Amino acid sequence: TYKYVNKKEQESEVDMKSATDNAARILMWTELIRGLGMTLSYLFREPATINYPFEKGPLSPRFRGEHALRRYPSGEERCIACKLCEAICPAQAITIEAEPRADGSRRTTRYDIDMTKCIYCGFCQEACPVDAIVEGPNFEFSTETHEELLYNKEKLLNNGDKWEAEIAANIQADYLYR
Amino acid sequence: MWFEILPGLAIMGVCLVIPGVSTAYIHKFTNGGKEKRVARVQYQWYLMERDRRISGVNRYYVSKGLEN
Amino acid sequence: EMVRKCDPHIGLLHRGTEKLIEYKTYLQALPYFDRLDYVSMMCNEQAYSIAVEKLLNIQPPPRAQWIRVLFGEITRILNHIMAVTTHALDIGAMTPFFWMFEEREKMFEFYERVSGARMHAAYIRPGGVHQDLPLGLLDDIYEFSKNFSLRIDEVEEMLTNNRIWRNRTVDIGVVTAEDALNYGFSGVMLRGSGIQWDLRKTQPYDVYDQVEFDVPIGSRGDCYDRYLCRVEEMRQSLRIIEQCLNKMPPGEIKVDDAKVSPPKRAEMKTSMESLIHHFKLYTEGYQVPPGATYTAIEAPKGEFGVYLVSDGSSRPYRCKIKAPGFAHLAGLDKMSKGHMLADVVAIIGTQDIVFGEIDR
Amino acid sequence: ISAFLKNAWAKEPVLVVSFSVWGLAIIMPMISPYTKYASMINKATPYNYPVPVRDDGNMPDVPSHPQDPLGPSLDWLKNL
Amino acid sequence: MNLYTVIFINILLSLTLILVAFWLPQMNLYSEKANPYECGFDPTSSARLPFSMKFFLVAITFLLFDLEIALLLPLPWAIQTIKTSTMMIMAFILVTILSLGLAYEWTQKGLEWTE
Amino acid sequence: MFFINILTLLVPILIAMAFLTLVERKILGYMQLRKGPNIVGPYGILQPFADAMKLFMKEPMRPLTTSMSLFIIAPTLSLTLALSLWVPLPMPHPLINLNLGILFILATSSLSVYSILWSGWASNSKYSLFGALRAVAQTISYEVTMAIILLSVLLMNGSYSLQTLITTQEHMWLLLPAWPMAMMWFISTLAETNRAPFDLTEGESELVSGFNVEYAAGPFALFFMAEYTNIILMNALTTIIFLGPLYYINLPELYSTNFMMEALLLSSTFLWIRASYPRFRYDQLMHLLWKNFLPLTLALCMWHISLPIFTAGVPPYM
Amino acid sequence: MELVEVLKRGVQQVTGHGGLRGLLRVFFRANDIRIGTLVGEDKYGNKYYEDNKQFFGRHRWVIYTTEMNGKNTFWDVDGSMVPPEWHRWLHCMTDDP
Amino acid sequence: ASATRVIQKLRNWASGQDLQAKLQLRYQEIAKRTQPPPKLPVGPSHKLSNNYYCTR
Amino acid sequence: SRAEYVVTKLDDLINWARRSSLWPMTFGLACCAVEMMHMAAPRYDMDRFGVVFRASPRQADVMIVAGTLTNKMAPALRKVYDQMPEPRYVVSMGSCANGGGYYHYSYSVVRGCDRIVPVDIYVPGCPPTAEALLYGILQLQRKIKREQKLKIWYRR
Ligand SMILES: CCCCCCCCCCCCCCCCCC(=O)OC[C@H](COP(=O)(O)OCCN)OC(=O)CCCCCCCCCCCCCCCCC
Ligand code: SF4
Ligand code: SF4
Ligand code: SF4
């Protein structure tokens, strides 16, 4: 079905009353006083803004931000260098170089993320079979140097040891959906 | 909120009030308890030049009366 | 100060998305579509998903289709807010922008609660949908929809019966229907000239046959008619959101075929089959058969199209993307004849123009 | 023509007002009685000295003093 | 001399302000910042070239209407004359003549611009 | 003491400009569902000083294609005229009592145009020249109506002196006799000063900041404060002419206070109007202000010539 | 009437931060006065107030410290100082501090 | 929510229609932010029998 | 008291001015500009901080590279940065501009605005939340707050 937006049904009915009304629309700007009144109404409403550093925007557990490399509750490193977080990374941001650890364990000697190539898509954390790399809540990690945004294993593990108290909760909230 | 505009409006108003009261009081102070004379025509200028030359001091705003 | 010739030299958001897509998989290539038209994100990935589904001979389930059309109409309201308010900024009226970008922030909260991204949510996948929407979200969409009518009424009160808006849009950008068809326009640029055409009606793709709405059509091809058409498309998208909320059936959100769509996170931790399938899906892909398609949807700008070419491999061989805005910009020179710099500015704003899809 | 003016009061009411006010400005001076007191008031204003006149001995209607009965009584300007 | 003084004061304010604006800050001049804007790219020609004006007839008739203003403006003094009928008729004639000229221009499409 | 009078007339007007900028931003904010500046001061009562200081620390631009003489001289002229326009203003007792104040205002503004019109030429560039020619068109549009409106309004005052309007309005306003002339005067004050919807010379979406695209520093700041000073001047003129406040020879500060109130109202109205409407077109402005305002203006001038006569209301020459 | 009641509410706002010292310490430092309920204090100094009668961006807020790790954040404040236990509650991922 | 009942009147008159019911902001009519856990359902092809991939 | 202390406080003042009033440019190329608009929008209002746009680069103190920078659009960016009058700052916004981003390996992309303009502050995201861009802008404010120019001039 369709409908017309600017098609007059039919014309040619005018008397002195309608002429007066149109001539008073003109010469008084009556359809402009309505815009003035609208903007005046908006002057007396509560503004939608927030004192940002002190009160902030609402986010959800699914929110995907800064990355982190997680650990088990035993402190054991949770990644195993299965090397598919970089298989699927559609920006080729992730590199891995892996070896046995001298304990006899599949673990990494390298986990880099050029966060200037990352598109923050979540594919790595929904591809990891062990919930090792995640995309956490921190969106406030701006820098004054390009080289700082090129991460490695130690920075990601620092993030994990920092944000575990948040990431564990976000995961607890969002699983049963993923 | 909209009452957070009243500070700037208040500075603006206190600043727009001064040019008037200031001019009035400066006029009264120089000319002396009197509005500053308007001389739109040559007759008023004649009156003021007269009152200057009556004073004994070259000031048109002493207003010598019936003590003469 | 009046224009005798227009030569748009686009090429300044040309990256090479099509070649990179040829080098990526079908899932790796999805966020490019979010990033092509970057104010109508979920519709682009809806088109891509539909095309890959057609190549796979697979359909998603009811719930996924319903939430897909829901978020498609949400994208329509996004981009129509964007277009209308940017057009107004260009013409001089700046308050609708600030009034409606709050509503867009609420919509971004919907995106960020469903996905984890305000804008570039890779939520519409080929096999249905990634993640089921959380508890307590349809209530919020309802609470938004019940008041968005008032918001759009405020904007329409400001600048429909106005004189400056009318004098600045009326008899501007006039297009004949034959000229529109030959130049290759689509969507609103057709319906403003009075061509009864909408793929949501003629070539319905998810559930649009199952939901009712009206298509606004214009009698003059001026900017004013195809402004009111956008306003009424926003209202009708709201009408459809009402229905999509009132019926959102239970069930799986992605295709229950683990050779195309990945399994549940716990199913890939007790079963070996589903782990194999996780592995191959997330490292190699799913090997769509050879062939080709052209699939088109009503993007909020017009006919967003994708011509995919394939092979037994897990990657695409060619993926051209039709951009509504390409042909509009081609017709810019025709529409600006006897007009001025300001009217040309308004004509740019009227096409619902965005260059990630044009240059791409 | 009544229909024409009915149409013009809707479309283009700015020129209707203009012609109406033009004709009114031209016609209303002809109508009022107060129109004639304007020249009389402009005449009454003494911008220049009324120069006295020599008593020939044949000037009865001319006064001998400011506040005599004779001369133009300006009481029509009062309580106009 | 009061008015001369006020104007000199404003003049010297403006000039002292420009002096400060120029000799207080720091400068790093080079040819790529001192060349005309034209929105990121370079100009294809000079700006000291013809800009066709499409309201020139409107400009000239504005000049003539300015003279009409100059003729109408003595009216506040013309009203304190004793006649108050000759001035009425003559001002009526002047305004009506100007309106007639405006109407002729309007009908002949002089107020429209040269497309 | 005349120099102290100059101070008391000039420095508060500059603070008024500076805080009008704040008021503009905050009113437009709250109309736009946001809070404007509330950070740099308590409620943002230092942002104007910050802007000024930052503008006077930036390096000025002396381009190569420019004509440096006109370039530097145009903002000078702009501010000088904006600040000399406040001179004869009776609030109620003026600084300079002229007998032809309105002609002084008219000529001063018609000369204020030349700041825009020479800065645009001197700044050798395209959008600059566009802004200049748009200023030419704007002035062509509004000057005739401004003059004939003002003539018709003072045709019941009896003089061009601004101080006589106070006695003309001792028992009434000139808005009820002349509300149509007041409408058209308001919108011509809106076309003058290059204020929205009749901006059309720094029309950021049509032109990229016309007649200022090549100006960066304190010169641009001078243009800015000239505009925001002429706004208050025109509101002061509207409220001296039509919205005549109470004189009360014993209480002149009452006149000053009511003048303040009405001027603030009308300036806030300018800001309101910026927030509400879109922009005209500089040919649509001509069509409006020739084909609607000038007919009615001439007709009402005829009316206001007839009216002193057929009502016996010819005013006095002093 | 209600004007008097909002004036009373403003008086309470002015007079619920200690005194003039404590009021200016919050007003020059956060540009707000709105009083709420103290949810809890952190191990650095942060305060984490709450007032659910406001709308859904201001029902929760922070008042930072003046020294976190020897940095003098009395003026130089940043959102990176909210630790993760309170980040989750402040960005409204929970109703559970 | 707090508009002192006369400013509410002013804005509802200048606008043209009641907006205290249809507000731009959100106070308590929104889905809250910590929720119960779900139990997501399971589509067909989980039949456990009479379900061979060659048939579907 | 001391000339060095007076110089320090004067520099604090000039930094306060340039920090409380930094006028960005209407220069946005891609999706990231939408989040810049959202920062301009009511919720995260920039004019609250004295950060209002100006269209001309000469009436501007900072430029925000909100989008993908291509080989065809780099001369224009550099012309604009040049035309900006010093003191001037740059904010690279988004992965496409910090580095090459999702279009790093393509034929028509410069792999960072670092190669064309000197960046003061990098904001990551695809897109960066306007919350995050705002954080980066306040971080640039903090960077201006510690410039110590007149101090070192005295110490020359
Ligand atoms: C006793 C008998 C004799 C009596 C004689 C008197 C008879 C009555 C006279 C009434 C005349 C009133 C003056 C009307 C002038 C306007 C003329 C007009 O028609 O409107 C002009 C313009 C046209 O709009 P449009 O729809 O395009 O119609 C034109 C079609 N040709 O429309 C516009 O101008 C709108 C564009 C300008 C918008 C600017 C924003 C205005 C905002 C409103 C603020 C109002 C505040 C005014 C306060 C003034 C205080 C000083
Ligand atoms: S997918 Fe997970 S386990 Fe495998 S390499 Fe990546 S982070 Fe490590
Ligand atoms: S979020 Fe996406 S782009 Fe970023 S590292 Fe993970 S897979 Fe790569
Ligand atoms: S970083 Fe992401 S959001 Fe920003 S321009 Fe690039 S693709 Fe768009």
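Calculation criteria
- Residues numbered from 1 in each chain as written, not as in the entry; some residues may be left out.
- Chains lettered and ligands numbered in written order.
- Part of a larger assembly, values for the part shown.
- Heavy atoms only, no water.
- Helix = DSSP H or I, 4+ residues; strand = E, 2+ residues; numbered from the N terminus.
- Buried < 20%, exposed > 50% of the residue type's maximum accessible area, 1.4 Å probe, protein only.
- Contact = heavy atoms within 4.5 Å.
- Areas by Shrake-Rupley, 256 points an atom, 1.4 Å probe, with all protein chains shown as cover.
- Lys, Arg positive; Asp, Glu negative; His and termini not counted.
- Charge placed at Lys NZ, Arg CZ, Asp CG, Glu CD.
- Buried area = accessible area lost by both parts, 1.4 Å probe.
- Salt bridge = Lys/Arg side-chain N within 4 Å of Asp/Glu carboxyl O.
- Near = heavy atom within 4 Å.
- Nonpolar A, V, L, I, M, F, W, Y, C, P; charged D, E, K, R; others polar.
- Expected span 1.5 Å × (residues − 1).
- Bend = angle between axes of the 7 residues up to and from the residue.
- Polar contact = N/O pair within 3.5 Å; in protein donor to acceptor, adjacent residues only side chain to side chain.
- UniProt positions renumbered as here; feature names shortened; annotations may be inferred.
- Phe/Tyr/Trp six-rings, centres within 6.5 Å; stacked < 30°, edge-to-face > 60°.
- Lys NZ or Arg CZ within 6 Å of the ring centre and 35° of its normal.
- Core = buried A, V, L, I, M, F, W, Y, C linked by side-chain atoms within 4.5 Å.
- Pairing = 2+ DSSP bridges.
- Axes fitted to C-alpha atoms, helices over the stretch in contact; angles between N-to-C directions.

Structure determination for this entry is recorded as cryo-EM, at 3.00 Å resolution.

**Quick notes on the overall build of chain I**
Each helix and strand in chain I was counted, giving six helices and three strands. When the helices and strands of chain I are placed in sequence order, the string is α-α-β-α-β-α-β-α-α. On the principal axes, the C-alpha backbone points of chain I span a range of 60 × 35 × 25 Å. Here chain I holds 156 residues, and 76% of them are scored as buried. Of the contacts formed within chain I by residues at least 6 apart in sequence, a portion of 80% connects residues at least 24 apart. Roughly 4,700 Å² of accessible area belongs to chain I as shown, and the carbon and sulfur atoms make up 55% of that amount. If you average the places of the 22 positive and of the 13 negative side-chain charges in chain I, the two averages end up 4 Å apart.

**Some remarks on the interface of chain E and chain F**
In this assembly, 62 residues from chain E lie in contact with 71 residues from chain F. Note on chain E versus chain F: buried area summed over both sides is about 6,300 Å², and carbon and sulfur give 78% of it. It is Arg48(E), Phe51(E) and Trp113(E) in chain E that bury the most area against chain F; as a group they hold 10% of the surface buried on that side. Applying the counting criterion to the chain E and chain F interface returns two salt bridges. For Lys33(E), the salt bridge is made with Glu59(F), and the minimal N-O distance between the two is 2.2 Å.

**Concerning the site of ligand 2**
Ligand 2 sits among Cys79(A), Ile80(A), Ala81(A), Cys82(A), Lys83(A), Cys85(A), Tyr111(A), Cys128(A), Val130(A) and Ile133(A). The class makeup of the residues in the shell around ligand 2 is nine nonpolar, no polar and one charged.

**Describing helix α5 (residues 153–174) of chain A**
Counted at 1.5 Å a residue, the expected span for α5(A) with its 22 residues is 32 Å, but the 26 Å between its end C-alpha atoms falls short. A maximum bend of about 70° is found in α5(A) at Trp163(A). For α5(A), the full list of buried residues reads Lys153(A), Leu156(A), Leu157(A), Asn159(A), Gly160(A), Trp163(A), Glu166(A), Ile167(A), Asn170(A), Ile171(A) and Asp174(A). The elements touched by buried residues of α5(A) are β2 (67–69), β4 (106–114), β5 (133–135) and β6 (150–151) of chain A together with α3 (84–90) of chain G. The N-cap residue of α5(A) is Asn152(A): its side-chain oxygen and the backbone nitrogen of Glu154(A) are 3.2 Å apart. With its phi angle positive at about 80°, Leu176(A) sits one or two positions after the end of α5(A).

**Examining the pattern of salt bridges**
Summed over all chains, the structure comprises 89 salt bridges over all chains. Note that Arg110(A) and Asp112(A) form a salt bridge whose closest N and O atoms lie 2.6 Å from each other. Given a relative accessible area of 37%, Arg110(A) falls into the partly exposed group. Residue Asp112(A) is classed as buried on the basis of its relative accessible area of 16%. Notably, a salt bridge pairs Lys337(C) with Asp333(C), separated by 3.5 Å at the nearest N-O pair. With relative accessibility at 47%, the residue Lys337(C) sits in the partly exposed group. Among the charged side chains, a network of salt bridges with common partners joins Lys3(A), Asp153(C), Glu156(C), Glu232(C) and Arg235(C).

**Comments concerning the UniProt feature "transmembrane region" in chain E**
Residue and element names in this part refer to chain E. Per the UniProt record, "transmembrane region" is annotated on residues 3–23, 55–75 and 86–106. Along residues 55–75, the helical share is 86% and the strand share 0%, with 31 Å between the first and last C-alpha atoms. Helix makes up 100% of residues 86–106 and strand 0%, and the two end C-alpha atoms of the span are 30 Å apart.

**Topic: the packing of aromatic side chains**
Considering all chains together, one arrives at 54 aromatic pairs over all chains under this definition. Where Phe74(G) meets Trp75(G), the ring centres are 5.2 Å apart and the plane angle is 80°; that geometry is what we call edge-to-face. Grouped by ring-pair contacts, the aromatic residues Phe71(C), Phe108(C), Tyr111(C) and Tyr123(C) constitute a single cluster. The ring centre of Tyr224(C) lies 4.6 Å from the NZ or CZ of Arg166(C), which sits over that ring. The ring of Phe74(G) carries the charged tip of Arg29(G) above its face, separated from the ring centre by 5.4 Å.

**As for the arrangement of the chains**
The structure contains 23 pairs of chains in contact, of which chains E and F account for the largest number of contacts. At the C-alpha level, the nearest point of chain B lies 11 Å from chain G, with no contact between them. Without any contact between them, chain D and chain G keep their closest C-alpha atoms 46 Å apart.

**A short note on the nonpolar core**
Residues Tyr111(A), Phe33(C), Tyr123(C), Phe148(C), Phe304(C), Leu308(C) and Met63(I) are the most contacted members of the largest nonpolar core, which totals 165 residues. Broken down by element, this core gets its largest block of residues, 14 residues, from helix α4 (residues 62–91) of chain C. Residues within four places of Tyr123(C) in sequence aside, it is in contact with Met42(C), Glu45(C), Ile67(C), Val114(C), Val129(C), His130(C), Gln131(C), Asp132(C) and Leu133(C). In this structure, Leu98(E), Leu79(F), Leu106(F) and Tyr228(F) belong to the second largest nonpolar core, which totals 151 residues.

**Section: the site of ligand 3**
Neighbouring ligand 3 are the residues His67(A), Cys89(A), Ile94(A), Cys118(A), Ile119(A), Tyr120(A), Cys121(A), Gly122(A), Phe123(A), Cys124(A) and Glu135(A). Of the residues in the shell around ligand 3, the class split is eight nonpolar, two polar and one charged.

**So, the sheet that holds strand β4 (residues 318–322) of chain C**
All names here are of chain C. Spatially, the three strands line up as an open sheet ordered β2-β3-β4, and their pairing is antiparallel. Two strands close off the open sheet at either side, each with one partner strand: β2 (292–298) and β4. Averaged over all adjacent pairs, the angle separating strand axes in this sheet is 10°, with direction ignored. Sheet analysis places β2 next to strand β3 (residues 303–309), joined by seven bridges and oriented antiparallel. Residue pairing in the sheet places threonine 293 in a bridge with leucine 308 of β3.

**Section: unusual backbone geometry**
Across the junction of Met91(F) and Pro92(F), the peptide omega takes the value 0°, indicating a cis bond. With omega at -5°, the peptide bond leading from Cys126(I) into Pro127(I) counts as cis. Mapping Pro127(I) onto the fold places it in the loop between β3 (121–123) and α5 (130–145). Here the phi dihedral of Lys109(E) falls at roughly 65°; this positive angle occurs in a residue that is not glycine. Along the chain, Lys109(E) falls in the segment after α4 (86–107).

**Re the environment of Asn48(D)**
Here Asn48(D) is to be found in the segment after α3 (37–44). By relative accessible area, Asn48(D) is classed as exposed at 67%.

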